[PDB]
Structure formats: structure tokens, C-alpha cells
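Structure, as C-alpha cells:
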Amino acid sequence: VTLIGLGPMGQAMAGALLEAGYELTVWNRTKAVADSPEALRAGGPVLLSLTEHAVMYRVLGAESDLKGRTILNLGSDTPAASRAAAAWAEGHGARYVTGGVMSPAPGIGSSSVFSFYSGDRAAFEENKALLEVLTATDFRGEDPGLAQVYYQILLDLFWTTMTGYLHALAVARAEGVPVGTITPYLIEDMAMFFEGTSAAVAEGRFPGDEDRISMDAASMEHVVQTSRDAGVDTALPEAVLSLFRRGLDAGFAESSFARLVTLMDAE
Amino acid sequence: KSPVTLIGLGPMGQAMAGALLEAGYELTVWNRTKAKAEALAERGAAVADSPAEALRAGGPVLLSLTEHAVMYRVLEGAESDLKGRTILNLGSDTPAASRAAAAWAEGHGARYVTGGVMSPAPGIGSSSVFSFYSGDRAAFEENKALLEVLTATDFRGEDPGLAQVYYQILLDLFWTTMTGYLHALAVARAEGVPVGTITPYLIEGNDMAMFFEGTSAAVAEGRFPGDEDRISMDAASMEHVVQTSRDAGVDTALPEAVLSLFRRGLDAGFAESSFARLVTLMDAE
């Protein structure tokens, strides 16, 4: 097996592969082992863990050596970029599969994490056992963009939740509530709210029994004013309130919160 | 049996009234318009003719209003009747408003307790929900059993603002999370992934408890080592999220606002630090 890209994810992936008995070949620009991107010729599938797909085009003028190779791109980027990368690779005679690794670096050895895969079905199966060294696998289809669609959707919720968490902690600190005291309350049931919200969105109808945008908007005003009074930055909660206001402007006052999705949807 | 009075009959008040009736309390209510109370009167509630009369009924006084300013208006005729009463204000507002409301009430000889009810209306009465309380300790104890009819209780201290601090902190995370969830769903719909398919992944994909604990610990510490995860990478990750949304034609205001915080981190020189260090950009002076 060969691996290019030695950020934290790549180092962790390399270590798991070594510990599992694979004959690993790596190339990196830094000193920190193949002499050139040579690495493609080592014979294994080629794992990429780069910051973006644009890096793949730079790092690789070895395009002739792609013929007959299998590229497993485990770095994240847009679905469009992933589809373009696949087409480029296949144009030089390689097979291509996209991975969306749903774990931080320290989780890479573990049993509790998974990764999405999509692209070349045969190439995925040939390397499934190798990929299971890193995380459990979940192949979604032959469209090389699809694993990235899933990945980016989940990361969207993730980062929005985490920045909200930080803001909540900033309010706690500003109001004299210790981080150790508030943390268990922040941690402890979103599953229930998610399920009901998904159901309502699936339906098409957003009845205002259970919650109403006019009251939700007032609730969010109090959050923002509480942050202001405490002297904490209010950009994030204002952006959240901004969606509610848009709902009100659209005439949604008596509808449930879920109807706001129609303000975010594509045409 | 035991008497209780309630003012404010929006959804939350209506739910609270029903629970109290079902638990055998002698309830008295007052409202600006007579219609919303006839319903509870049919179920055995006394309806008072004025706010003053409602205060006199003899129980603790529960408030479930839209904001604390409303308390000053509806009780305008009735300040003299506050002497010796206990106010349990279960409506949400700012900590500063809650402190002011308590001081005013105490100035007219009442005791005051603040509630932050962590349940939607339909959950009132259930076993799985709780509420924060703060303010007058004795008054909380005297009415604890009554309050446990509505939700489990969690008394935090004598500062009448404190329960609202907790409440607002939690709602801050709650709404930010929920709007993110909606945005995620919009991307799913735009990209042709069915809501039923993506939903279990959104619910189960990342165990947030673990990330929260580690983030809190790091913030408690005071430094933010990038030796496993770093703001330059986190920023790039967020760029891909926003570009994915753009490509799909979905509204991008929310993910931009999230990205904006990472860019501020970069501008401040935080590229090599962990994500938690962004808290110092949000902190009070």
C-alpha cells in the first residue's frame, strides 16, 4: 500500500496500516519512503489524505504511472471536485473511489467509527479489508461524488453545533458559571427533536401545534440580548436569529420551525 | 386540596394548568380575555375577575408570560396584594430582567423564585424533563412538590437571575444546533438524498458527548494545542461545507457565519491552535 499526505489523518492512517502488517510506501514534500510521487509504482492501492483535491493535481507530473492503478481518495472536498478528480484519474487509466472519513485522527484504529465510500465498486471491494483497518466502511454507490455529499452534510451539522457549543461556553464564563458545572447540562435529547423535525420536513405541512415561529423568534431574541448584556460576541446567535426573522418576513409566523427549511432549499 | 394561582395562558400555561388540575390542585386563573379560561373552568378551574383577586386566592402565584415586562402591566392595580405572596416566575427572559423582576417583587413584600423550564408544552407532566430554579430557597422548598408536578426540579442558588442564565445558555446551543440540522437537511434535499435516509446518520454519526467534553476541558485549561486538530484545517473543512452548499444552490448564510468565526481565528494568528481557542474571540472583554 502507498500513501500520500502526512497531516494528522495520514500519520494515523499510516500507523494503523503498519500495525496491521501492510508493506507501506509514503511520499511527502517535508523531510519529517519514496523519492518521488515512484510511490505510485510501489504496487499497492494509492491512498490520498490531502487538504484538498487541487493538491492532487499539483503533487502528481507522474500521470503516465496512473495507468492500471487504483486511487482511494480519503480527503474531503466538494462533490463537484470529487467528480472531477475521479474523471481525471479515470482519464489516465486509474480506478477511483472516494472516502469520507467520519473520525478524527485519534479515532482511526477504533471500532466505533465509520467512513462513507463511493465510486468504483470493484476497486472498493478489492480494498475493503484494507479500508476496514482504518474504520468500518459504508459504500453508498458508484457516483464518486456521493460519499462526499454524505460527508459534507454531516460536517455541516457538526461544525454548526460545535461553534454553538463554544458560544454557549462563552456565555457561561461571562456570567460566572464555571465550565465544569455547565458542561454536563450542555451534554445532557436531540434525537427526539431531530426525528420530529425530519418527519415534518418530509411531510410538506408545518402545523404550529407544538411550536410556532413567532414564539421561536422571540426565544432567540432573548438569547441574543442575553449575550449582548454579558458582553459576549453576538455574530453567531444573530445569524441564527436572522433565519427566524426571514421566516417572519415570509409570513411563517404561525407555522412550525421546520418550515424554515424552505428558506434554505434550492430552487 | 392545595391552592395555586396561575397567570398567563399561552401553550405553556395551558399545559401547566392541566397538569395541576390532574394532580388535584385547587387552581385559580386570570387572563386578559375571558375565552381562554372558560376551557379550564369547564375542567374545574376558578376564574378570577382581576389580577388582584387572583393573587388573593391564597396559593403561590405562577407566571407564564411572554416577557417580564408583562408582569409590571398586569399587576399594576395589585401591588398592595403582593405582600406576603410568593411568585414563581416560570417564563423566560434575560437574567437582567429576571433580577429586576425579583427586586421589584421583593420591594412590595413578596418572595420570588425564577424557573427555566426545559420542556416544550407537550412535555409538561412527563418524567423525562427538568427545570432550573433559583431565587428564594425557602419559597422553592415550600413549593417543590407542586413544581415536581410540572417537571423534575434543579435548584441552582439564591441569585434570581441564575436559573435564567442556565436556561438561555442551553437554548443558545439548542437553536444553533437545530438551525444547523435544518441546513443539513436542505443540502440533502438539494443533492437528492432522501430525508429518511440521511436522518439516522445526522442523529448517530458523531458522538458529540466526546467532542464536547474534550472541548470543555481544553477551554478550562487555558491552552489549545494543535497536535491532533488545528484551526487551519478546521477552516478548510468549513470552506468545503460552504462551497458544497453554493454548488447545490442552497442558502449559505448560516454556514458562512460559522466560517466567519474560523476566518477571524486565522486573522488573529490561531492557525496552529485547536478549535477551542476560538472561544477567546467570543469571550467578554
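Keeping their order, the protein sequence lines are chains A and B.
Anchor point for the first sequence: position 221 equals 1321 in our numbering, and the numbering is continuous, going up by one each time.
Anchor point for the second sequence: position 181 equals 875 in our numbering, and the numbering is continuous, going up by one each time.
All C-beta atoms in this analysis are idealised placements derived from N, C-alpha and C, irrespective of residue type, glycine included.
Proximity to residue i [Cα-Cα], best of the options
i                : options                            : result
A729 of chain B  : B:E716, B:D743, B:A970, B:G829     : B:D743
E747 of chain B  : B:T722, B:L879, B:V764             : B:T722
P745 of chain B  : B:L975, B:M765, B:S954, B:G738     : B:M765
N1128 of chain A : A:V1159, A:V1146, A:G1144          : A:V1159
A751 of chain B  : B:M902, B:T780, B:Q937, B:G890     : B:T780
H1153 of chain A : A:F1352, A:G1280, A:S1182, A:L1172 : A:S1182
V887 of chain B  : A:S1355, A:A1350, A:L1254, A:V1213 : A:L1254
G829 of chain B  : B:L784, B:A846, B:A978, B:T893     : B:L784
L759 of chain B  : B:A804, B:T938, B:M706, B:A733     : B:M706
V755 of chain B  : B:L734, B:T847, B:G702             : B:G702
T938 of chain B  : B:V843, B:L700, B:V881, B:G704     : B:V881
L749 of chain B  : B:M902, B:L700, B:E979             : B:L700
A951 of chain B  : A:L1234, A:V1279, A:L1341, A:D1365 : A:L1341
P814 of chain B  : B:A832, B:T893, B:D901, B:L844     : B:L844
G908 of chain B  : A:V1324, A:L1269, A:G1304          : A:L1269
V1101 of chain A : A:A1291, A:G1280, A:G1144, A:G1304 : A:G1144
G1304 of chain A : A:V1324, A:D1365, A:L1148          : A:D1365
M1290 of chain A : B:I892, B:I897, B:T891, B:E770     : B:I897
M1202 of chain A : B:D961, B:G899, B:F906             : B:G899
First through last residue of the alpha helix (DSSP H) which encompasses residue i
i                : result
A1335 of chain A : 1335 to 1349
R831 of chain B  : 831 to 836
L1266 of chain A : 1246 to 1274
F1293 of chain A : 1290 to 1303
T1102 of chain A : No alpha helix (DSSP H) holds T1102 of chain A; the beta strand (DSSP E) holding it covers 1102 to 1104.
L734 of chain B  : 729 to 736
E933 of chain B  : 925 to 942
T1178 of chain A : No alpha helix (DSSP H) contains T1178 of chain A, which DSSP labels as neither H nor E.
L721 of chain B  : Segment 720 to 724 is the beta strand (DSSP E) holding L721 of chain B; no alpha helix (DSSP H) there.
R750 of chain B  : 745 to 750
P894 of chain B  : 889 to 898
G712 of chain B  : 705 to 716
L975 of chain B  : 973 to 976
Beta-carbon contacts of residue i that lie in its chain and below 6 angstroms, excluding the five residues immediately before and after
i                : result
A794 of chain B  : none
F1239 of chain A : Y1217, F1224
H877 of chain B  : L948
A1189 of chain A : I1171, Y1196
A804 of chain B  : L776, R779, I781
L975 of chain B  : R958
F964 of chain B  : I925, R971
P894 of chain B  : none
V1323 of chain A : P1337
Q708 of chain B  : none
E720 of chain B  : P697
Same chain, Cβ closer than 7 angstroms to residue i, neighbours up to 5 away in sequence not counted
i                      : result
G1200 of chain A       : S1176, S1215, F1216, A1247, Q1248, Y1250, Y1251
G718 of chain B        : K695
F1344 of chain A       : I1313, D1316, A1317, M1320
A1274 of chain A       : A1330, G1331, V1332
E773 of chain B        : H802
residue 669 of chain B : An answer regarding residue 669 of chain B cannot be provided, because it is not within the stretch 695 to 979 covered by chain B.
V1133 of chain A       : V1126
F918 of chain B        : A912, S967, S968, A970, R971
Under 7 angstroms from the C-beta of residue i: neighbouring residues of chain D
i               : result
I863 of chain B : Although the question refers to chain D, the structure presented lacks it and instead comprises the protein chains A and B.
Endpoints, beta strand (DSSP E) assigned at residue i
i                : result
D848 of chain B  : 846 to 849
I781 of chain B  : 780 to 783
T808 of chain B  : 805 to 812
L1148 of chain A : 1146 to 1148
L1160 of chain A : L1160 of chain A -> no beta strand (DSSP E), and no H or E assigned at all.
Contact set for residue i: own chain, Cβ-Cβ below 8 angstroms, skip 5 residues either direction
i                      : result
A1236 of chain A       : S1211, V1213, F1214, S1215
residue 980 of chain B : The shown model of chain B, from 695 to 979, leaves out residue 980 of chain B, and the question about it has no answer.
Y1265 of chain A       : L1286
Residue i Cβ short of 8 angstroms to the ligand NAD heavy atom set
i                : result
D1243 of chain A : In the structure shown, the ligand NAD is absent, as is every other ligand, since no ligand is present at all.
Is there contact here, the region 1309 to 1318 of chain A with the region 1330 to 1338 of chain A, by at least three beta-carbon pairs under 8 angstroms? no
Pair every Cβ in the region 1245 to 1265 of chain A with every Cβ in the region 834 to 845 of chain B, then say whether three or more of these pairs are closer than 8 angstroms. no
Per the contact definition of three or more C-beta pairs closer than 8 angstroms, is the region 849 to 858 of chain B in contact with the region 782 to 794 of chain B? yes
Going along the chain, which residues of the region 888 to 905 of chain B sit with their C-beta nearer than 8 angstroms to a C-beta in chain A? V889, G890, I892, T893, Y895, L896, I897, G899, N900, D901, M902, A903, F905
Note down, in chain order, all residues in the region 1300 to 1311 of chain A with a beta-carbon under 7 angstroms from any beta-carbon belonging to chain B. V1301, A1302, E1310, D1311
Could you check whether the region 1354 to 1366 of chain A touches the region 1284 to 1301 of chain A, counting it as contact only if at least three pairs of C-beta atoms, one from each stretch, sit closer than 8 angstroms? yes
So does the region 1203 to 1211 of chain A actually touch the region 1108 to 1121 of chain A, counting three or more Cβ pairs closer than 8 angstroms? yes
Taking a cut of 7 angstroms between CB atoms, which residues from the region 1201 to 1226 of chain A lie near chain B? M1202, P1204, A1205, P1206
What residues in the region 932 to 951 of chain B bring their beta carbon closer than 7 angstroms to a beta carbon of chain A? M932, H934, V935, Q937, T938, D941, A942, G943, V944, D945, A947, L948, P949, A951
The region 1163 to 1183 of chain A: positions lying closer than 7 angstroms to chain B by Cβ: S1176, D1177, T1178, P1179, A1180
What residues from the region 749 to 767 of chain B come within 9 angstroms of chain A, judged by C-beta to C-beta, listed N to C? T760, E761
Report the residues of the region 960 to 974 of chain B with a CB closer than 8 angstroms to any CB of chain A, ordered along the chain. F969, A970, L972, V973
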